[PDB]
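K.L.:
here is my input; please provide its structure:
(2 chains)
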Amino acid sequence: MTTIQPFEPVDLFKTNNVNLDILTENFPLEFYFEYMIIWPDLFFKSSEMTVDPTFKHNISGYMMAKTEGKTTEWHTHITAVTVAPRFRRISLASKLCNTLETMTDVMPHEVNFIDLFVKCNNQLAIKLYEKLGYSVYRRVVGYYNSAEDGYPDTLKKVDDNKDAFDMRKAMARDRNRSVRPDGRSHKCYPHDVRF
Amino acid sequence: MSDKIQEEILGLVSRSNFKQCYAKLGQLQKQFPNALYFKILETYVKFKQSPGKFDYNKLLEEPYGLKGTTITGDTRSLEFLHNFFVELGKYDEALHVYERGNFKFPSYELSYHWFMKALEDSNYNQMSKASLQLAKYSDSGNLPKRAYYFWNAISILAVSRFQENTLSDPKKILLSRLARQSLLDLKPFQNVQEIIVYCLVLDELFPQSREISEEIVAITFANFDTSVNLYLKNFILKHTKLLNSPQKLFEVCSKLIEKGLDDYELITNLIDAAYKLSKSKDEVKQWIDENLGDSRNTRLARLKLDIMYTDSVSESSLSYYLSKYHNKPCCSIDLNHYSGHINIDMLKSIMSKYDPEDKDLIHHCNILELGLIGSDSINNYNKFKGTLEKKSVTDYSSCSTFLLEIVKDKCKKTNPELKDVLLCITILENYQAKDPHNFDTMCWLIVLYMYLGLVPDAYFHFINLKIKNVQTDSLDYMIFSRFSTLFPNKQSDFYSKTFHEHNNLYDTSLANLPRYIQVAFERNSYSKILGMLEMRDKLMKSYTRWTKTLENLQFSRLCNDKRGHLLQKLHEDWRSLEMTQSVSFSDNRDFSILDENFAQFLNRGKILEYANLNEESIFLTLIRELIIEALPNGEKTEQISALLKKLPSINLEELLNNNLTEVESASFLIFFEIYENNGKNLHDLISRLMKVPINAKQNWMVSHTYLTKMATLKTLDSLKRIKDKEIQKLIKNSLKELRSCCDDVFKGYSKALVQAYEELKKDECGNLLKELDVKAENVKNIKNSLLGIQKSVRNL
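P.N.:
Residues are numbered from 1 along each chain as shown, chains lettered A, B, ... in the order given. Below is the structure in question.
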């Protein structure tokens, strides 16, 4: 069974069962510290009481987020979501997404909406996000461009393996102002995403 | 202008050109007669020229020591005094001067400076004193006075968790009383973090107190009305259970569950409270389902309700959970947690009731682990190896459970055979070719090679794992443990790039911690501080952190690399551990990533004897390296002598054998004889070292025993205090056979592998190989890796 537990800084030593996944990024050790320094309350993990901490890590995942924007743009941004391989395809990814909803929809956050960036070719994630009530707001061309790739010069060229989806969900207090059904047809540069 | 002088003087001090330092300081002295910073510089320069010529007590104890009267408020003057005191190992007098300086000249800047430097030394007692001085002079500061009182509480919390040995019994109560009263006087709390610290102060500094639990429960439940906090959820759940109030426990769980928190801990406490409230089983089942819907916990809550209400899991609740999760990976652990209450046959019949189409790869894996059906890994993998070509490339294949089970069964033998080790290598390599991203089998391929000493092909695996950041401290121990005696190739990417990039965690990230610690206090992220406080402590005590530096010191010695800078960092690292007043090592290695019962598997598995490293082994290796620095001087040091007493008061010979290899045990006793006994017994000691046999069956010991012999002799050759002619004759003569047998042992090791391959093709190994639907991989490829090692060993 899964219980939602705080992610302590020392739990990073207990994340190998989740971190060896190919698509899960092991961020620089400084980056893990930044999130909990400014926003500790949203930095938590998923734990299994059925897994004894003495013999094996019980952490099944950890969620990193942040709050940015002002006035109408005050929102919680989902940075990275991961689930341990032993606990996939059991809707635990949905639970953590809903966990951010009840946490940020009440005080002291009361954010207007939740947004995140997902690669356009990530059909597995796209179906998961759209299932829970999330809706795509715009396509970020060249979001994952490296230094070699350079800054994108035109929005006419689009690649699913390079562009990222500004992938959103509206809250009740937003009145769907920050979401639109035609978000796929809207294109903007990575620098245009400013909060 | 003050700093610009510092490096110039130190640079001239570093180059031993002390002569003009006095005149230039004298020129600064005549311009600035009242600048005591130059006076501290003079003593610093004096001590560097000849530590044994200048009286520490006369020049440092009376003006600046624990009874020091010369007290100044200049931050730079006090910083340099703290630096010099730390450099002398006088950590108590290092932070004593700042408390006196803040005592004589209290200011918000000086108190802030004292708080920062004491934070560097991990003197959690001092921040408790330092924070209070800031609170009184918070008027000129940038933070409210209420923040500093919490800082004192956090520092008190810091002492309680990690520096409990530094408090006398009356002092613990006084500090406990001080922590609560300071936070009480700041009520009402302004944010969640302030509430957490007060709850944190009460929870651990006032344990088992009835009024403490009620007060925490009351305030946390009040905050639950508008906001949802997981820290307060932990606080309220723990104390309400202590209160033995099922009605409150039911209300708390009901309140949080209604808010959208799908937590089994809430469900279990809701379930436990309802029984003590005599609620019917059906009422709780419908209430949980109504508010939480159909989830993993809700399906398994019924099984928990079955055990609590009937002491056995009913088929209705079990089948409902098995209706959706019979073919899920989490089915294994969830049912295992309740294996003591579930009838196996009743569970077995349900698994046989499902359709064979639903009896997928995951369903059989859940069957295999539950022990419902006997192990059929060979057939099940053959049945489900077709899932390999249809699964996603990034997706992991569960067929590893079948193949690893075979791998585990052979590896559970106490003494794996050469063919047995190679047999598992062949099986996993073909699967890993089919399952490139599966770490479960890929880690075992890594471990299999390291036991055989085959670094180059094993290192080919690590680059595919993309190990970085935290994973370096917890996963580099399969590869970088004792690297100086396994793969001494400086030109290889293994050491030049992979090893060097892995040090950035310790050389850069570890030094960057204090900057992030300061902002957490200033940004009022007090809750993460205590957990982040444990983070730094384990790092300087990390097993990987200490092993890599000591082994590199041997590796630098083996390659005749410069060690003066390397030892300096070791002393700084040793100093960093000492000022934390807790000399210990932190075993952060992740043994569980390979097997669930790896703790039982470490001590019995010769497959991981190269990774069998404990605190005693690590501490000993530090002593040998420290002897290396002291041997050219020929003088016994109190630093070494005191650490020798900290070793167990047993026979030194037996202590080595329980933590170090046989060749290391002989080599360890070598350095003591010259250091302690002036080397009277090397002639018998060196002969015993050479008598250590090197056989082709020693696997990773072959490289280990050769290079340990290679490393120790090169030290004794470069040690110029060896003056006896006769011992000088054997040391060079012993080296002659070591160079000569460089290729004799390797071709024996190379030859021995060939017959093991032939053994694999025949008898049981061959018959299963045909059953495996896998053909033996070519011999020539791994021989080149072994010959590649022999290629590098010759040039050593």
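K.L.:
residue B:251: neighbour count?
P.N.:
When neighbours are counted by other C-beta atoms under 10 Å in any protein chain shown, residue B:251 registers 15. C-beta here means a position set from N, CA and C on the backbone, and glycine is covered the same way.
K.L.:
er, residue B:169 I mean
P.N.:
Under the criterion other C-beta under 10 Å, the count of neighbours that residue B:169 has is 6.
K.L.:
distance of it from residue B:181?
P.N.:
19 Å (C-beta to C-beta, to the nearest Å).
K.L.:
next: residue B:651.
P.N.:
54 Å.
K.L.:
give me the residue at the spatial middle of chain A.
P.N.:
residue A:78 (3.0 Å; C-alpha atoms, centre = their mean).
K.L.:
residues touching that residue, list them.
P.N.:
If you count contacts by C-beta atoms under 8 Å, 6 or more residues apart in numbering or on different chains, residue A:78 has them with A:63-65, A:97, A:100, A:114-116.
K.L.:
in JSON lines, list those residues along with neighbour count, secondary structure and distance to chain B.
P.N.:
Converted to JSON lines, the contacts of residue A:78 look like this (neighbours: other C-beta atoms under 10 Å in any protein chain shown; DSSP: H, G, I helix; E, B strand; the rest coil; distance: C-beta to the nearest C-beta, whole Å):
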{"residue": "A:63", "neighbour count": "22", "secondary structure": "strand", "distance to chain B": "12"}
{"residue": "A:64", "neighbour count": "21", "secondary structure": "strand", "distance to chain B": "13"}
{"residue": "A:65", "neighbour count": "23", "secondary structure": "strand", "distance to chain B": "14"}
{"residue": "A:97", "neighbour count": "22", "secondary structure": "helix", "distance to chain B": "11"}
{"residue": "A:100", "neighbour count": "20", "secondary structure": "helix", "distance to chain B": "11"}
{"residue": "A:114", "neighbour count": "25", "secondary structure": "strand", "distance to chain B": "14"}
{"residue": "A:115", "neighbour count": "25", "secondary structure": "strand", "distance to chain B": "20"}
{"residue": "A:116", "neighbour count": "21", "secondary structure": "strand", "distance to chain B": "20"}
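K.L.:
now, which of those residues sits nearest residue A:195?
P.N.:
residue A:115 (9.2 Å; C-beta to C-beta).
K.L.:
what residues does the stretch 301-450 of chain B have near chain A?
P.N.:
Within the stretch 301-450 of chain B, the positions near chain A by C-beta under 8 Å from any C-beta of the partner chain are B:325, B:328-330, B:333-334, B:336-337, B:394, B:396, B:437, B:439.
K.L.:
just flag the most distant two among these.
P.N.:
The most widely separated members of these, counting by C-beta to C-beta, are B:337 and B:394 (29.6 Å).
K.L.:
neighbour count winner among the two?
P.N.:
A side-by-side neighbour count of residue B:337 and residue B:394, using other C-beta under 10 Å, places residue B:337 first with 17 against 11.
K.L.:
distance check, the residue in the stretch 501-650 of chain B positioned nearest to chain A against residue A:13.
P.N.:
Here the residue of the stretch 501-650 of chain B nearest chain A is residue B:531; by C-beta to the nearest C-beta that distance is 3.8 Å. According to C-beta to C-beta, residue B:531 and residue A:13 sit 12 Å apart.
K.L.:
which of the two has more residues huddled nearby?
P.N.:
Comparing residue B:531 with residue A:13 by other C-beta under 10 Å, the one with more neighbours is residue A:13, at 21 against 16.
K.L.:
doesn't the more buried one fall inside a helix?
P.N.:
Yes - with DSSP: H, G, I helix; E, B strand; the rest coil as the criterion, residue A:13 is located in a helix.
K.L.:
tell me what the longest helix seen in chain B is packed against?
P.N.:
Criterion DSSP state H: the longest helix present in chain B is helix B:725-761. In terms of contacts (3 or more C-beta pairs under 8 Å, 6 or more residues apart in numbering or on different chains; DSSP states H and E), helix B:725-761 is packed against helix B:418-434, helix B:682-690, helix B:700-718, helix B:763-772, helix B:779-795.
K.L.:
before we move on, the earlier item: go through the residues of the stretch 301-450 of chain B next to chain A and flag which are in helices.
P.N.:
Short answer: these in helices (DSSP H) are B:325, B:333-334, B:336-337, B:439.
K.L.:
so where do the strands sit in the chain?
P.N.:
Unless you meant another one, I'm taking chain A. With strands called from DSSP state E, chain A shows them at A:2-6, A:44-48, A:59-68, A:75-81, A:113-119, A:135-140, A:164-170, A:187-188.
K.L.:
so where do the helices sit in chain A?
P.N.:
A:16-19, A:29-38, A:92-104, A:123-131.
K.L.:
for the stretch 201-350 of chain B, same thing?
P.N.:
Here the stretch 201-350 of chain B has its helices, by DSSP state H, counting those that start in this stretch, at B:210-223, B:230-243, B:246-258, B:264-276, B:281-292, B:296-310, B:315-325, B:331-337, B:344-353.
K.L.:
get me the contact residues on the stretch 451-600 of chain B for chain A.
P.N.:
B:465-471, B:473-475, B:505, B:509, B:512, B:516, B:519-520, B:523, B:525, B:527-528, B:531-532, B:534-535, B:538, B:588, B:590, B:592-593, B:596-597, B:599.
K.L.:
list the contacts for residue B:389?
P.N.:
residue B:434.
K.L.:
helix or strand next in line after the helix or strand hosting it, which one?
P.N.:
Per DSSP states H and E: residue B:389 is located in helix B:386-390. Using DSSP H and E, the helix or strand that follows helix B:386-390 in sequence is helix B:399-411.
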